Amino acid sequence: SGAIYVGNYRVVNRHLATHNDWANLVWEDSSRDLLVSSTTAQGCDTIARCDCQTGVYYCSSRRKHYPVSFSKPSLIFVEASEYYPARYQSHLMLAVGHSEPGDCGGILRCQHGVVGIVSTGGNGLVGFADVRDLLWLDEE
Ligand SMILES: COc1ccccc1-c1nnco1
Ligand SMILES: [Zn+2]
């Protein structure tokens, strides 16, 4: 689990969104596993605006933050797992690292702020849903 709280937005994995998120929907995209809902209180997370490929992510299944190199946001095949079917996911970045389903929502951060959230895993890779292209999270 986990979310990004920027301005009056809450950013979550689409597959973990709650009824409240859907009842306060701003934007969602199945292809990216992202959903954004509106918040009553202002958040303080800063979204990275950059093309960094190094950062640190939170892995809840190890209670650890790991430094990682990560790839460019791309359209990648995600294999079937115990709880989820095989599908293509867009705006996905991969790193070599540990990820289990319950790690979804863990923050990836660089020196510029939040890059994205854990979204996929398998075969010793961790996949992150990028948010750095969603420039509107910074306004309105
Ligand atoms: C961090 O995510 C995973 C790690 C391992 C296996 C599957 C997943 C996953 N796939 N879709 C959602 O979670
Ligand atoms: Zn950066």
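All values below come from the heavy atoms of this structure, side chains included, with hydrogens, waters and symmetry mates left out. Order of appearance sets the numbers: ligands from 1, and atoms from 1 within every ligand. The first residue in the sequence is number 1, and the count goes up from there.
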Review point. Does the side chain of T18 come under 3.5 Å of the side chain of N20 through a donor N or O and an acceptor N or O?
Key: no
May I have the list of side-chain donor-acceptor pairs in residues 76-84 shorter than 3.5 Å, sequence neighbours left out?
none

Check your understanding: Has the side chain of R10 got a donor or acceptor atom that lies under 3.5 Å from a matching backbone atom of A3?
Key -> no
Exercise for review: Please lay out, stage by stage, how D21 and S37 fare under the test side chain to side chain donor-acceptor pair (under 3.5 Å).
Suggested key: CA-CA 5 Å; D21 285 326; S37 60; 2.8 Å; yes
Exercise for review: Mind listing the protein N/O/S atoms less than 2.8 Å away from the Zn ion (ligand 2)? Waters don't count.
Suggested key: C50 SG, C52 SG, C110 SG, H112 ND1
Point to revise | Partner set under ring-ring contact (aromatic ring centres under 6.0 Å, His included) for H112, not counting sequence neighbours | key: none
Review point. Using a 4.0 angstrom limit on heavy atoms, which residues are close to ligand 1?
Key: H15, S81, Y84, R87, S99, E100, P101, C104, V118, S119, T120, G121
Check your understanding: Using a distance-only test with no angle check, is there a side-chain donor-acceptor pair under 3.5 angstrom linking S119 and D33?
Key -> yes
Check your understanding: Would you find a donor on one side and an acceptor on the other, under 3.5 Å apart, between the side chain of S74 and the backbone of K72?
Key -> yes
Practice item. Determine the sole option in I107, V6, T46 for which the side-chain contact (heavy atoms from CB on, under 4.5 Å) test with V114 is passed. Key: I107
Exercise for review: Answer with yes or no after comparing the ring centroid distance for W136 and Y9 against a 6.0 Å cut-off, counting only values under it.
Suggested key: yes
